[PDB]
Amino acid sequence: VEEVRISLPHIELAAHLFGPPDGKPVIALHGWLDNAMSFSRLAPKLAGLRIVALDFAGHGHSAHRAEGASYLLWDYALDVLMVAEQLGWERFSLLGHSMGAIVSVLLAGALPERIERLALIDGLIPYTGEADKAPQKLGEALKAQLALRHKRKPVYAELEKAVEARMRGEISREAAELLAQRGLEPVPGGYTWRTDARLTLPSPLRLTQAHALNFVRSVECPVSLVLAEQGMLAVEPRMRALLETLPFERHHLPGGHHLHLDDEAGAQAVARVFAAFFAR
């Protein structure tokens, strides 16, 4: 049994189950618009771990949220905790990529009694926004909502065009293909990339810089952070300075933002860091 629905009171999520049932409890959280197959290459190289690779709401094969509900970061955080409860987990670890890493940091800092450790791939804090611009951002969010019912879902008459659509938005062909297998939905024309139109909405309220700094400082468990030298630190070198103020174990590795999925090579690089980490 490697593929299940997990029924929470408010939503039903999909998950793929990796590793043995006696292994260390881990939930694996993927990035924006991705899904659990983000851990195709990586989950099976971390033996000793019972890895539940969760589709976030509105991604992969998990349900779309009910009408009116938001896709904010702490809504995912609540989903993940309730997945843990529904499994009977008390303490567990989080393996996170990109947005998934950000969600993991929030949970760890909000509920340090629940999180045993963090294995994070090329993600840490959200894009932030300050109080002076907040009235303005809420207004943008309110207007984007009035346009929600007119959003488009593109259609690709053939699969290969669906795969390469995903590359122009950057990953390898095998990565795109692996995501597509869990990520595509048949429509009359052909396949579309299953998603919830609300996932493109601007947030009504970003965390300030002080909020994000406080979350990251509230983490109490060990942290292993893999940084793609062609990834996030290529896009934000102010991150470098913040990372120096933190105790997290940093490993810079070749590859891009999805280094753990692009290649067997990247995945094996990531796996060796995390296998070490999970063993101590």
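Don't overthink the numbering: it's just position in the shown sequence, from 1.
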property	result
Between residue 169 and residue 170 - deposited residues without coordinates, as a size class	1 to 3
Segment of higher mean CA temperature factor, 258-266 or 10-18	258-266
Stretch with the greater mean C-alpha B-factor as recorded in the entry, comparing 66-74 against 222-230	222-230
Maximum C-alpha temperature factor, selected from 97, 152, 206, 133	152
Residue with maximal Cα B-factor (values as given in the PDB entry) among 194, 117, 173, 137	173
Third of the chain, ranked by Cα B-factor, where residue 247 sits	middle
Residue 161 by Cα B-factor - lowest, middle or highest third of the modelled chain	highest
CA B-factor ranking of residue 79, expressed as a third of its chain	lowest
Modelled-residue ranking by C-alpha temperature factor, third containing residue 30	lowest
Cα B factor band for residue 101 (lowest, middle or highest third within the chain)	lowest
